[PDB]
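Q: Below is the file input11.txt, with compact mmCIF, C-alpha atoms.
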# COMPACT_ATOMS: atom_id res chain seq x y z
CA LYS A 3 -27.24 -8.06 -25.96
CA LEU A 4 -24.12 -8.53 -23.84
CA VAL A 5 -20.66 -7.94 -25.27
CA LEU A 6 -17.63 -8.82 -23.18
CA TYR A 7 -14.22 -7.34 -23.95
CA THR A 8 -12.02 -10.05 -22.57
CA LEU A 9 -9.06 -12.37 -22.57
CA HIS A 10 -9.92 -15.96 -21.70
CA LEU A 11 -6.57 -16.48 -19.90
CA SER A 12 -7.63 -13.69 -17.54
CA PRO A 13 -9.09 -14.81 -14.16
CA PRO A 14 -11.56 -11.96 -13.68
CA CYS A 15 -12.79 -12.46 -17.27
CA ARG A 16 -13.46 -16.12 -16.53
CA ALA A 17 -15.27 -15.24 -13.28
CA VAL A 18 -17.71 -13.26 -15.44
CA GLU A 19 -18.02 -16.03 -18.06
CA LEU A 20 -18.90 -18.47 -15.26
CA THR A 21 -21.53 -15.98 -14.07
CA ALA A 22 -23.00 -15.47 -17.54
CA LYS A 23 -23.36 -19.24 -17.99
CA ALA A 24 -24.97 -19.75 -14.58
CA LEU A 25 -27.52 -17.04 -15.48
CA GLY A 26 -28.25 -18.67 -18.83
CA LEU A 27 -26.90 -15.65 -20.71
CA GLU A 28 -25.09 -15.64 -24.04
CA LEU A 29 -21.89 -13.64 -24.24
CA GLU A 30 -20.35 -12.29 -27.39
CA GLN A 31 -16.70 -12.25 -26.43
CA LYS A 32 -14.29 -9.80 -28.00
CA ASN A 33 -10.52 -9.43 -27.72
CA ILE A 34 -9.21 -5.96 -26.84
CA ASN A 35 -8.67 -4.27 -30.22
CA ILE A 55 -10.45 -6.29 -18.45
CA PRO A 56 -13.07 -7.57 -18.29
CA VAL A 57 -15.22 -4.78 -19.70
CA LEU A 58 -18.93 -5.38 -20.20
CA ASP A 59 -20.90 -3.57 -22.86
CA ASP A 60 -24.57 -4.02 -22.01
CA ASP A 61 -26.24 -2.23 -24.91
CA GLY A 62 -23.87 0.76 -24.77
CA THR A 63 -23.65 0.90 -20.99
CA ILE A 64 -20.08 0.11 -19.93
CA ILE A 65 -19.53 -1.84 -16.69
CA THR A 66 -15.96 -2.51 -15.47
CA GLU A 67 -14.29 -4.70 -12.81
CA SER A 68 -15.24 -8.39 -12.53
CA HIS A 69 -17.02 -8.32 -9.14
CA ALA A 70 -19.07 -5.29 -10.11
CA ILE A 71 -19.96 -6.94 -13.42
CA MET A 72 -21.06 -10.18 -11.73
CA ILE A 73 -23.23 -8.31 -9.24
CA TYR A 74 -24.70 -6.27 -12.06
CA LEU A 75 -25.47 -9.36 -14.17
CA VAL A 76 -27.21 -11.17 -11.33
CA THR A 77 -29.09 -8.02 -10.33
CA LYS A 78 -30.23 -7.31 -13.88
CA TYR A 79 -30.77 -10.82 -15.22
CA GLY A 80 -31.20 -13.26 -12.33
CA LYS A 81 -34.63 -14.90 -12.12
CA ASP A 82 -33.79 -15.76 -8.52
CA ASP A 83 -31.14 -14.41 -6.14
CA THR A 84 -29.27 -17.60 -5.25
CA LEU A 85 -26.01 -16.37 -6.88
CA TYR A 86 -26.25 -13.00 -5.12
CA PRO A 87 -28.91 -12.71 -2.34
CA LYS A 88 -31.22 -9.74 -1.76
CA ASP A 89 -31.21 -10.44 1.98
CA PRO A 90 -28.64 -8.04 3.50
CA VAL A 91 -27.15 -10.62 5.89
CA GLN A 92 -26.74 -13.37 3.29
CA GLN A 93 -25.56 -10.75 0.84
CA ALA A 94 -22.95 -9.57 3.37
CA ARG A 95 -21.35 -13.02 3.37
CA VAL A 96 -21.04 -13.08 -0.42
CA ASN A 97 -19.66 -9.49 -0.38
CA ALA A 98 -17.07 -10.53 2.21
CA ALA A 99 -16.01 -13.48 0.08
CA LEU A 100 -15.74 -11.25 -3.03
CA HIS A 101 -13.34 -8.93 -1.16
CA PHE A 102 -11.36 -11.89 0.15
CA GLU A 103 -10.89 -12.87 -3.52
CA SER A 104 -9.86 -9.42 -4.70
CA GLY A 105 -7.91 -8.46 -1.57
CA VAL A 106 -6.11 -11.77 -0.95
CA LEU A 107 -6.41 -14.49 -3.60
CA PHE A 108 -6.13 -12.33 -6.73
CA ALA A 109 -3.79 -9.70 -5.23
CA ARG A 110 -1.19 -12.29 -4.19
CA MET A 111 -1.30 -14.17 -7.52
CA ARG A 112 -0.82 -10.88 -9.35
CA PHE A 113 2.15 -10.11 -7.09
CA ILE A 114 3.88 -13.14 -8.62
CA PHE A 115 2.57 -13.02 -12.18
CA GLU A 116 3.20 -9.36 -12.92
CA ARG A 117 6.93 -9.60 -12.15
CA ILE A 118 7.16 -12.42 -14.70
CA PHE A 119 4.81 -11.04 -17.35
CA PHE A 120 5.84 -7.44 -17.62
CA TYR A 121 9.30 -7.17 -16.08
CA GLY A 122 11.03 -10.12 -17.71
CA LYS A 123 11.95 -11.77 -14.42
CA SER A 124 12.50 -15.53 -14.15
CA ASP A 125 12.54 -16.08 -10.38
CA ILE A 126 9.58 -16.10 -8.03
CA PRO A 127 10.72 -14.69 -4.68
CA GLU A 128 10.22 -17.12 -1.79
CA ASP A 129 8.11 -14.73 0.27
CA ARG A 130 5.63 -14.35 -2.62
CA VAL A 131 5.26 -18.11 -2.92
CA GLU A 132 4.66 -18.11 0.86
CA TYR A 133 2.12 -15.30 0.65
CA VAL A 134 0.15 -17.43 -1.83
CA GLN A 135 0.56 -20.62 0.24
CA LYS A 136 -0.92 -18.60 3.13
CA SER A 137 -3.85 -17.54 0.97
CA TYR A 138 -4.60 -21.23 0.29
CA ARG A 139 -4.73 -21.92 4.04
CA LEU A 140 -7.08 -18.95 4.51
CA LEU A 141 -9.31 -20.33 1.74
CA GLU A 142 -9.34 -23.81 3.30
CA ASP A 143 -10.42 -22.15 6.55
CA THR A 144 -13.37 -20.36 4.93
CA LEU A 145 -14.61 -23.59 3.34
CA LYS A 146 -16.43 -24.83 6.44
CA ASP A 147 -19.50 -25.16 4.22
CA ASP A 148 -19.61 -26.59 0.70
CA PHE A 149 -18.99 -23.17 -0.88
CA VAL A 150 -17.04 -20.05 0.15
CA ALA A 151 -20.03 -17.98 1.30
CA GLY A 152 -22.09 -20.79 2.83
CA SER A 153 -24.06 -23.86 1.85
CA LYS A 154 -25.14 -22.51 -1.53
CA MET A 155 -22.99 -21.66 -4.55
CA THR A 156 -22.68 -17.93 -5.28
CA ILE A 157 -20.70 -15.59 -7.55
CA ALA A 158 -18.02 -15.56 -4.84
CA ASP A 159 -17.24 -19.17 -5.76
CA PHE A 160 -16.81 -18.07 -9.38
CA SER A 161 -14.40 -15.29 -8.40
CA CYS A 162 -12.42 -17.62 -6.12
CA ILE A 163 -12.16 -20.55 -8.57
CA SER A 164 -11.18 -18.34 -11.51
CA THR A 165 -8.12 -17.38 -9.43
CA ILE A 166 -7.30 -20.70 -7.71
CA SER A 167 -7.47 -22.68 -11.00
CA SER A 168 -4.78 -20.36 -12.39
CA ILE A 169 -2.36 -20.04 -9.47
CA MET A 170 -2.46 -23.72 -8.48
CA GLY A 171 -0.67 -24.53 -11.74
CA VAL A 172 2.17 -22.28 -10.52
CA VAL A 173 2.30 -22.50 -6.71
CA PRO A 174 1.38 -26.14 -6.00
CA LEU A 175 -1.73 -26.65 -3.89
CA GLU A 176 -1.15 -29.86 -1.90
CA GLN A 177 -4.09 -32.28 -1.80
CA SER A 178 -3.16 -33.67 1.64
CA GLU A 179 -2.98 -30.18 3.17
CA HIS A 180 -6.13 -28.81 1.52
CA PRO A 181 -8.90 -31.43 1.39
CA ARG A 182 -11.67 -28.84 1.63
CA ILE A 183 -10.37 -26.94 -1.41
CA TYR A 184 -10.19 -30.06 -3.60
CA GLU A 185 -13.73 -31.14 -2.64
CA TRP A 186 -14.85 -27.60 -3.49
CA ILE A 187 -13.05 -27.69 -6.86
CA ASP A 188 -14.64 -31.08 -7.53
CA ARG A 189 -18.07 -29.58 -6.83
CA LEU A 190 -17.50 -26.73 -9.25
CA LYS A 191 -16.15 -29.14 -11.88
CA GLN A 192 -19.57 -30.79 -11.78
CA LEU A 193 -21.03 -27.72 -13.44
CA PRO A 194 -21.54 -28.55 -17.14
CA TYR A 195 -20.09 -25.16 -18.07
CA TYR A 196 -17.05 -25.18 -15.79
CA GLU A 197 -14.40 -26.41 -18.23
CA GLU A 198 -15.47 -24.07 -21.02
CA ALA A 199 -16.13 -20.91 -18.99
CA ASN A 200 -13.12 -21.32 -16.71
CA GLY A 201 -11.12 -24.53 -16.44
CA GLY A 202 -9.30 -24.50 -19.77
CA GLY A 203 -8.29 -20.87 -19.46
CA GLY A 204 -7.04 -21.16 -15.88
CA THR A 205 -4.96 -24.22 -16.65
CA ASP A 206 -3.54 -22.43 -19.69
CA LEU A 207 -2.76 -19.29 -17.66
CA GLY A 208 -0.64 -21.36 -15.28
CA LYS A 209 1.20 -23.03 -18.17
CA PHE A 210 1.73 -19.66 -19.86
CA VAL A 211 3.24 -18.19 -16.66
CA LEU A 212 5.59 -21.15 -16.39
CA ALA A 213 6.50 -20.90 -20.08
CA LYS A 214 7.14 -17.15 -19.82
CA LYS A 215 9.21 -17.59 -16.66
CA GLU A 216 11.46 -20.02 -18.57
CA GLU A 217 11.50 -17.90 -21.73
CA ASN A 218 12.57 -14.81 -19.72
CA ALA A 219 15.67 -16.69 -18.58
CA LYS A 220 16.77 -17.29 -22.16
CA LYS B 3 -27.22 -1.00 19.39
CA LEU B 4 -24.31 -1.22 16.96
CA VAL B 5 -21.18 -2.89 18.30
CA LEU B 6 -17.85 -2.86 16.46
CA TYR B 7 -14.88 -5.01 17.37
CA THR B 8 -12.13 -2.94 15.96
CA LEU B 9 -8.77 -1.20 16.17
CA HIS B 10 -8.68 2.48 15.32
CA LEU B 11 -5.30 2.12 13.56
CA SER B 12 -6.85 -0.32 11.06
CA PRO B 13 -7.92 1.16 7.69
CA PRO B 14 -10.90 -1.20 7.16
CA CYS B 15 -12.06 -0.38 10.71
CA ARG B 16 -11.88 3.35 9.95
CA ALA B 17 -13.76 2.94 6.67
CA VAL B 18 -16.64 1.52 8.71
CA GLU B 19 -16.49 4.35 11.31
CA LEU B 20 -16.69 6.96 8.51
CA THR B 21 -19.68 5.11 7.16
CA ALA B 22 -21.45 4.93 10.55
CA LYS B 23 -20.84 8.66 11.13
CA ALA B 24 -22.09 9.56 7.63
CA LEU B 25 -25.30 7.60 8.33
CA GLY B 26 -25.84 9.34 11.67
CA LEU B 27 -25.24 6.10 13.58
CA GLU B 28 -23.67 5.55 16.99
CA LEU B 29 -21.07 2.80 17.39
CA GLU B 30 -19.82 1.12 20.51
CA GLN B 31 -16.21 0.23 19.80
CA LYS B 32 -14.50 -2.63 21.51
CA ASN B 33 -10.82 -3.38 21.17
CA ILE B 34 -10.13 -6.86 19.84
CA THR B 54 -10.11 -10.01 10.05
CA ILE B 55 -11.37 -6.96 11.95
CA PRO B 56 -13.71 -5.11 11.92
CA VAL B 57 -16.57 -7.31 13.11
CA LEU B 58 -20.00 -5.75 13.43
CA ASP B 59 -22.50 -7.08 15.96
CA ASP B 60 -25.90 -5.64 15.09
CA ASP B 61 -28.28 -6.93 17.79
CA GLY B 62 -27.08 -10.51 17.33
CA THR B 63 -26.49 -10.16 13.60
CA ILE B 64 -22.78 -10.69 12.90
CA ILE B 65 -21.30 -9.02 9.81
CA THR B 66 -17.57 -9.21 8.98
CA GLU B 67 -15.23 -7.52 6.43
CA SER B 68 -15.34 -3.73 6.03
CA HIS B 69 -16.84 -3.42 2.55
CA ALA B 70 -19.60 -5.88 3.42
CA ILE B 71 -20.26 -4.02 6.69
CA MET B 72 -20.47 -0.71 4.85
CA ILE B 73 -22.96 -1.97 2.26
CA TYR B 74 -24.96 -3.63 5.03
CA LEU B 75 -25.20 -0.41 7.08
CA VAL B 76 -26.25 1.77 4.15
CA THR B 77 -28.77 -0.89 3.14
CA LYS B 78 -30.30 -1.23 6.62
CA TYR B 79 -30.04 2.32 7.92
CA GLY B 80 -29.74 4.57 4.87
CA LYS B 81 -32.48 7.20 4.53
CA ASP B 82 -31.52 7.68 0.89
CA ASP B 83 -29.27 5.68 -1.48
CA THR B 84 -26.51 8.34 -1.89
CA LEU B 85 -23.76 6.40 -0.10
CA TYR B 86 -24.57 3.20 -2.01
CA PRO B 87 -26.90 3.58 -5.04
CA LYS B 88 -29.87 1.39 -5.96
CA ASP B 89 -29.22 2.10 -9.63
CA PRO B 90 -27.33 -0.99 -10.91
CA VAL B 91 -24.96 1.05 -13.09
CA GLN B 92 -24.11 3.66 -10.45
CA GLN B 93 -23.88 0.86 -7.89
CA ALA B 94 -21.51 -0.90 -10.29
CA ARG B 95 -19.24 2.13 -10.27
CA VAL B 96 -19.12 2.05 -6.45
CA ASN B 97 -18.59 -1.74 -6.38
CA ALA B 98 -15.69 -1.40 -8.81
CA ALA B 99 -14.08 1.27 -6.64
CA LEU B 100 -14.58 -0.86 -3.51
CA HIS B 101 -12.64 -3.73 -5.16
CA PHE B 102 -10.10 -1.23 -6.37
CA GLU B 103 -9.55 -0.43 -2.69
CA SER B 104 -9.34 -4.07 -1.63
CA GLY B 105 -7.39 -5.54 -4.57
CA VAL B 106 -5.07 -2.60 -5.25
CA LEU B 107 -4.77 0.19 -2.63
CA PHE B 108 -5.02 -1.89 0.52
CA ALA B 109 -3.21 -4.98 -0.80
CA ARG B 110 -0.19 -2.96 -1.90
CA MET B 111 -0.08 -1.10 1.41
CA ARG B 112 -0.11 -4.44 3.23
CA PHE B 113 2.78 -5.83 1.08
CA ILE B 114 4.83 -2.97 2.57
CA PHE B 115 3.55 -2.79 6.17
CA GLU B 116 3.65 -6.53 6.88
CA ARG B 117 7.35 -6.66 6.03
CA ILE B 118 8.08 -3.92 8.59
CA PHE B 119 5.65 -5.03 11.30
CA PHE B 120 6.16 -8.80 11.35
CA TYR B 121 9.57 -9.49 9.79
CA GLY B 122 11.74 -6.82 11.39
CA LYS B 123 12.65 -5.25 8.04
CA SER B 124 13.68 -1.59 7.81
CA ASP B 125 13.88 -1.23 4.05
CA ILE B 126 10.94 -0.93 1.70
CA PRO B 127 11.95 -2.76 -1.51
CA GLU B 128 12.00 -0.43 -4.50
CA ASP B 129 9.47 -2.42 -6.52
CA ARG B 130 6.88 -2.27 -3.71
CA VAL B 131 7.25 1.52 -3.52
CA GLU B 132 6.61 1.81 -7.24
CA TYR B 133 3.73 -0.61 -6.88
CA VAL B 134 2.10 1.79 -4.40
CA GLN B 135 2.99 4.85 -6.54
CA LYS B 136 1.30 3.08 -9.47
CA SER B 137 -1.81 2.66 -7.34
CA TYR B 138 -1.64 6.44 -6.69
CA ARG B 139 -1.71 7.11 -10.45
CA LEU B 140 -4.70 4.81 -10.90
CA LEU B 141 -6.57 6.64 -8.13
CA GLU B 142 -5.69 10.01 -9.71
CA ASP B 143 -7.09 8.62 -12.99
CA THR B 144 -10.40 7.57 -11.41
CA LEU B 145 -10.98 10.96 -9.82
CA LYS B 146 -12.28 12.51 -13.06
CA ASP B 147 -15.23 13.78 -11.03
CA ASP B 148 -15.05 14.90 -7.43
CA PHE B 149 -15.24 11.45 -5.83
CA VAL B 150 -13.93 7.99 -6.62
CA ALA B 151 -17.16 6.66 -8.13
CA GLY B 152 -18.37 9.92 -9.66
CA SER B 153 -19.67 13.34 -8.71
CA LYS B 154 -21.28 12.15 -5.46
CA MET B 155 -19.56 10.91 -2.30
CA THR B 156 -20.07 7.17 -1.56
CA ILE B 157 -18.75 4.49 0.80
CA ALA B 158 -16.08 3.81 -1.86
CA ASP B 159 -14.59 7.18 -0.92
CA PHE B 160 -14.52 6.08 2.70
CA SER B 161 -12.78 2.85 1.79
CA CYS B 162 -10.20 4.60 -0.42
CA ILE B 163 -9.43 7.41 2.04
CA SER B 164 -8.97 5.05 5.03
CA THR B 165 -6.13 3.40 3.13
CA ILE B 166 -4.66 6.45 1.37
CA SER B 167 -4.51 8.48 4.59
CA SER B 168 -2.34 5.72 6.08
CA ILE B 169 -0.02 4.86 3.17
CA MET B 170 0.62 8.48 2.10
CA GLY B 171 2.52 8.91 5.37
CA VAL B 172 5.01 6.21 4.29
CA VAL B 173 5.14 6.21 0.47
CA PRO B 174 5.18 9.93 -0.43
CA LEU B 175 2.20 11.07 -2.49
CA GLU B 176 3.34 14.15 -4.39
CA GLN B 177 0.95 17.07 -4.69
CA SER B 178 2.16 18.37 -8.05
CA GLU B 179 1.62 14.95 -9.67
CA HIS B 180 -1.63 14.10 -7.88
CA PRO B 181 -3.71 17.32 -7.79
CA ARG B 182 -7.02 15.44 -8.00
CA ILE B 183 -6.12 13.29 -5.01
CA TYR B 184 -5.24 16.35 -2.92
CA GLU B 185 -8.50 18.05 -3.94
CA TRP B 186 -10.50 14.92 -3.04
CA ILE B 187 -8.73 14.67 0.30
CA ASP B 188 -9.47 18.34 1.10
CA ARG B 189 -13.13 17.68 0.26
CA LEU B 190 -13.23 14.74 2.70
CA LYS B 191 -11.48 16.80 5.39
CA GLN B 192 -14.49 19.13 5.18
CA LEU B 193 -16.60 16.37 6.81
CA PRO B 194 -17.12 17.20 10.52
CA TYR B 195 -16.53 13.56 11.41
CA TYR B 196 -13.52 12.98 9.14
CA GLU B 197 -10.71 13.54 11.65
CA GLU B 198 -12.27 11.52 14.48
CA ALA B 199 -13.48 8.58 12.39
CA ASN B 200 -10.47 8.35 10.08
CA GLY B 201 -7.98 11.21 9.93
CA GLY B 202 -6.26 10.71 13.27
CA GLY B 203 -5.95 6.93 12.95
CA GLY B 204 -4.72 6.99 9.35
CA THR B 205 -2.06 9.59 10.18
CA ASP B 206 -1.03 7.65 13.33
CA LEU B 207 -0.75 4.32 11.45
CA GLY B 208 1.62 5.99 8.98
CA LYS B 209 3.76 7.43 11.75
CA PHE B 210 3.72 4.10 13.55
CA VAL B 211 5.02 2.38 10.41
CA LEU B 212 7.90 4.86 10.07
CA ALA B 213 8.76 4.55 13.78
CA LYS B 214 8.72 0.75 13.55
CA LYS B 215 10.92 0.82 10.45
CA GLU B 216 13.54 3.00 12.22
CA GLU B 217 13.55 0.89 15.38
CA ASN B 218 14.07 -2.29 13.32
CA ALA B 219 17.40 -1.02 11.94
CA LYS B 220 18.86 -0.35 15.40
CA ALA B 221 20.72 -3.61 16.14
Could I get this structure in the form of structure tokens?
A:
Amino acid sequence: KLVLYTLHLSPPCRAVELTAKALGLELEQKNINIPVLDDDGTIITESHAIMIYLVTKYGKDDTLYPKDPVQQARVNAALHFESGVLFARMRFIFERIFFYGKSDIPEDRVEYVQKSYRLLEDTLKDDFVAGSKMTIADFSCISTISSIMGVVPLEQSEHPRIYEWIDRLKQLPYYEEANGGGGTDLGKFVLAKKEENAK
Amino acid sequence: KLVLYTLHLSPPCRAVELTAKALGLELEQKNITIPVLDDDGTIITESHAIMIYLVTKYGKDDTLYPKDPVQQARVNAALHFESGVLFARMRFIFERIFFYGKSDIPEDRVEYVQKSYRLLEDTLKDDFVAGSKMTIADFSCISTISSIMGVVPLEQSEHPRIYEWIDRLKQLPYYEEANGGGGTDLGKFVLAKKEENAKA
């Protein structure tokens, strides 16, 4: 069976949890002593690689990660947008607060994230980030957005496509448990730590 | 035929060129979010997705991108290492110099890049980034490293594995044309731009 070494506050861990639930898989989650998957002794690391692996090994169809090279290319592109832009820019803010005891968020880092929101809005021409169907790229993207939006405000009037997209994902029965709670809490924890650092 | 809208200075563009050369493919490059591949009407975008697409369509074996889910997972992880860590941290530095007229590189961004160097050194337990065999993840990582190492010094004594891996890649007949020249020139262009910015 599938063991996940994980922290629920962690966005890439939640991206995997979302994936495991969409595949109908049960995850035994373990705290560290991320994410790291133990599939029967075989160790898989890095959230995107894990998600691809899980769909490849355990998907009964390929809707979450297509076999067709062209369709698959669009999901792959979206996965790298998440790692290269969405996650990278959030981490640029969070790390300074979490590990280096800083209390300020530099203005240009807020702006870098605000720009990533506009890029995301632009990609949401269809209902989901890689096209008309929901894929693991949506899981990767929402695990990050649901965390950072509690820190760098994501304006409803300026991002209608993103809120519709979030509302779609919130219609998944497993959304709140696999992702929503943890992402909301990660935002609150960043804000609490930011304030604590200044004391 | 394969058409690539591209800029040779761009790391993700060079990662694709290395891939095309390794597959024995010819590319028609057009000067322009890049690169964009036009494969007989089929439009693929984003370098990692292009690379996987090309190996999938035109690969004669699965060396560059394995069919084995576990091995493929190692390559996938290294690809996202390149996108989320190496490239992103390079961009945090270059954008400031290119678009905002800055001449300094903040100390924390330098260390951020040097930390990515340590992580890469750590992953090179075998000869290549995803193991003992060369893959498109090597092409992705080297396209970025060959550019940033000209700006944020990568010390030999502290990164022997990186210098060994680089020397291995330099043994590829197509390395210098597809990547080496453009990565070195991007680095020099960054330094030149940085100096110019400080001059009133």
Q: Residues of chain A within 7 Å of chain B, counting only C-alpha atoms - could you list those as a PyMOL selection string?
A: chain A and resi 65-67+70-71+74+90+94+97-98+101+104-105+109
Q: Which distance in Å separates CA of residue 72 in chain A and CA of residue 25 in chain A, to one decimal?
A: 10.1 Å
Q: Which protein, DNA or RNA residues are at most 12 Å from (-21.8, -20.5, -3.7) in the file's coordinates when you count only C-alpha atoms, listed as a PDB file with C-alpha atoms, keeping the file's coordinate frame?
A:
ATOM      1  CA  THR A  21     -21.530 -15.980 -14.070  1.00  0.00           C
ATOM      2  CA  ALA A  24     -24.970 -19.750 -14.580  1.00  0.00           C
ATOM      3  CA  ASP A  83     -31.140 -14.410  -6.140  1.00  0.00           C
ATOM      4  CA  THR A  84     -29.270 -17.600  -5.250  1.00  0.00           C
ATOM      5  CA  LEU A  85     -26.010 -16.370  -6.880  1.00  0.00           C
ATOM      6  CA  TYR A  86     -26.250 -13.000  -5.120  1.00  0.00           C
ATOM      7  CA  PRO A  87     -28.910 -12.710  -2.340  1.00  0.00           C
ATOM      8  CA  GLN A  92     -26.740 -13.370   3.290  1.00  0.00           C
ATOM      9  CA  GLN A  93     -25.560 -10.750   0.840  1.00  0.00           C
ATOM     10  CA  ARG A  95     -21.350 -13.020   3.370  1.00  0.00           C
ATOM     11  CA  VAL A  96     -21.040 -13.080  -0.420  1.00  0.00           C
ATOM     12  CA  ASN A  97     -19.660  -9.490  -0.380  1.00  0.00           C
ATOM     13  CA  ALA A  99     -16.010 -13.480   0.080  1.00  0.00           C
ATOM     14  CA  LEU A 100     -15.740 -11.250  -3.030  1.00  0.00           C
ATOM     15  CA  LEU A 145     -14.610 -23.590   3.340  1.00  0.00           C
ATOM     16  CA  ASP A 147     -19.500 -25.160   4.220  1.00  0.00           C
ATOM     17  CA  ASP A 148     -19.610 -26.590   0.700  1.00  0.00           C
ATOM     18  CA  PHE A 149     -18.990 -23.170  -0.880  1.00  0.00           C
ATOM     19  CA  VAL A 150     -17.040 -20.050   0.150  1.00  0.00           C
ATOM     20  CA  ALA A 151     -20.030 -17.980   1.300  1.00  0.00           C
ATOM     21  CA  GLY A 152     -22.090 -20.790   2.830  1.00  0.00           C
ATOM     22  CA  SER A 153     -24.060 -23.860   1.850  1.00  0.00           C
ATOM     23  CA  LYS A 154     -25.140 -22.510  -1.530  1.00  0.00           C
ATOM     24  CA  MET A 155     -22.990 -21.660  -4.550  1.00  0.00           C
ATOM     25  CA  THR A 156     -22.680 -17.930  -5.280  1.00  0.00           C
ATOM     26  CA  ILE A 157     -20.700 -15.590  -7.550  1.00  0.00           C
ATOM     27  CA  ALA A 158     -18.020 -15.560  -4.840  1.00  0.00           C
ATOM     28  CA  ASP A 159     -17.240 -19.170  -5.760  1.00  0.00           C
ATOM     29  CA  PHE A 160     -16.810 -18.070  -9.380  1.00  0.00           C
ATOM     30  CA  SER A 161     -14.400 -15.290  -8.400  1.00  0.00           C
ATOM     31  CA  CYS A 162     -12.420 -17.620  -6.120  1.00  0.00           C
ATOM     32  CA  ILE A 163     -12.160 -20.550  -8.570  1.00  0.00           C
ATOM     33  CA  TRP A 186     -14.850 -27.600  -3.490  1.00  0.00           C
ATOM     34  CA  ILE A 187     -13.050 -27.690  -6.860  1.00  0.00           C
ATOM     35  CA  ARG A 189     -18.070 -29.580  -6.830  1.00  0.00           C
ATOM     36  CA  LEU A 190     -17.500 -26.730  -9.250  1.00  0.00           C
TER      37      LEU A 190
END
Q: Of the candidates A:78, A:180, A:112, A:130, which one gets nearest to residue 168 in chain A if we count only C-alpha atoms?
A: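 Using only C-alpha atoms, the shortest distance to residue 168 in chain A belongs to A:112.
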Q: Take the point (-20.4, 0.6, 14.3) in the file's coordinates, draw a sphere of radius 6 Å around it, and report as a PyMOL selection string every protein, DNA or RNA residue with an atom inside or on it, counting all atoms listed in the file.
A: chain B and resi 4-6+22+29
Q: Considering only C-alpha atoms, return as number ranges by chain whatever protein or nucleic-acid residues lie within 9 Å of residue 111 in chain B, sequence-local ones (same chain, fewer than 5 positions apart) excluded.
A: B: 106, 116, 130, 134, 165-166, 168-169
